[PDB]
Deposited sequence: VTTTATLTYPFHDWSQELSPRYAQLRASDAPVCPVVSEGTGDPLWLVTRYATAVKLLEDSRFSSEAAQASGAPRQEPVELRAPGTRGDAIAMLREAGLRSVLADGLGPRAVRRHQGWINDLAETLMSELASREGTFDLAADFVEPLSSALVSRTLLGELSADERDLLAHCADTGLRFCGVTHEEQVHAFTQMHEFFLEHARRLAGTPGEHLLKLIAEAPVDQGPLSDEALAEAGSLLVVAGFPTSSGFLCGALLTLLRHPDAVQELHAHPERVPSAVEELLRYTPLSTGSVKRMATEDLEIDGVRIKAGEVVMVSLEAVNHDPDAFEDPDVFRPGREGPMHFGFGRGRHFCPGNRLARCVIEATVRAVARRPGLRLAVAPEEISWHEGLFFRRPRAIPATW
């Protein structure tokens, strides 16, 4: 139909040209229809409009996540018959941001940098082609989720939760039943194992959540699923994407090799330039309102594509250039406003460790052309199947 269907199927790092086309249109908000549900939705692609929306207290994230809300995802991102409201459950009993804040980074940054170095040093001993996805990103992200979020996981437990996240957080490529089963299996996993994981010694967020009426098993289980959904496919997808960006810009890496104090600025530029989500963050209007002149009715859902906003030329001169010394406005890689990613400091810590491990070792290169990289089709959070690299 003559209403655009969403999303735009841009599963690789090449962003769909439709985002820029909509950005340049005469509407600051454009109506679309969900490909998976047929729901009508609105879509924002301009930085200036996105700022207004994500800072507007009349636009509710929680309302957009409730059952029956119009939505872009093919299945509800919850186990059927459960609330799927982990953040509000944690309020009814701040711990999220509390245990991921600057103190937590100061605790974990040491081993995070140790591990990035250990992994890269092992790759420095390899012959021919090695896979940065399997043998760098996977072990680093697995350690992050175990040590900081869930507690020590077995290899099979890590594999189960990563598979559940890959299967449920998809626009296509799996059946409806497989997607529900992923969320069901994750929730049933935490109903049985959250108490044990929380009770093991360590710093992990799930322990902090549990050890602070009493906290029900269902609430602790919802917290587990939230940490997997929010922390696992995002960290793995972004670290993969950031490595690809670095490998495609050797002049930038040579700059960071000579001047390591420039790494933090390059981390911020990676968060702006490297696309992650193939969908959009979403908010529901809780009352009739206007945003930039467009009238939105109560109950309607407006989406913001963070990738589109991060590539807006009204905000970033030459937005499609990876410019590590860039001094633009704040990017949207972590969102904006009330729901700004509480994992942002930990994520920045692991991205910085990755950038430093690459910059210290001149000669790392992609083994094939970027267009030969294969991508998992339909993931919410883009990720290549492998990153073949050589010295």
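Missing from the model, by position in the deposited sequence, are residues 1-3, 97-99, 219-222.
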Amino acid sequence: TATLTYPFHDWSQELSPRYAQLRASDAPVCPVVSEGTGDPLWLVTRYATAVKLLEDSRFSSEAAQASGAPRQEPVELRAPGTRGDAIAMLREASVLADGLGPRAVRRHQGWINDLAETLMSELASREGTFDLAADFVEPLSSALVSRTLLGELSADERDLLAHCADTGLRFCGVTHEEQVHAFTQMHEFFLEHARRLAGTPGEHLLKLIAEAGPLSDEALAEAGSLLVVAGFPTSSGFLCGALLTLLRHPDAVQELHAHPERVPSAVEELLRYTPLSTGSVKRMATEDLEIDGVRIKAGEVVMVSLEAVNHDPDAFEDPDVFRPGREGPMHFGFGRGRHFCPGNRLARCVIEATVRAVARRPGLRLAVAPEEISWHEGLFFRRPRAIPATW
From here on, numbers count along this sequence of modelled residues.
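The term rigid core refers to the most C-alpha atoms you can superpose between the two forms while keeping them within 1.5 Å.
In terms of root mean square C-alpha deviation after superposing on the rigid core in 4 other deposited structures of this protein, the stretch standing farther out between 251-259 and 199-207 is 199-207. With 154-162 and 268-276 compared on mean CA B-factor from the PDB entry, the stretch scoring higher is 154-162. Taking only CA atoms, the mean B-factor in the PDB entry is higher for 319-327 than for the other of 319-327 and 352-360. As recorded in the entry, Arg195 carries the highest CA temperature factor of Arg195, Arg248, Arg262, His108. Going by the entry's values, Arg83 shows the largest Cα B-factor out of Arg83, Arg147, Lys282, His311. Per-chain ranking of the deposited C-alpha B factor places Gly299 in the highest third. Among the modelled residues of its chain, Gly202 has a C-alpha B-factor that falls in the highest third, as given in the PDB entry.
Among the modelled residues of the chain, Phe238 sits in the lowest third by CA temperature factor in this PDB entry.
In the PDB entry, a CA B factor belonging to the lowest third of its chain's modelled residues is recorded for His257. When the CA B factors of the chain's modelled residues are split into thirds, the value for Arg58 lands in the highest one.
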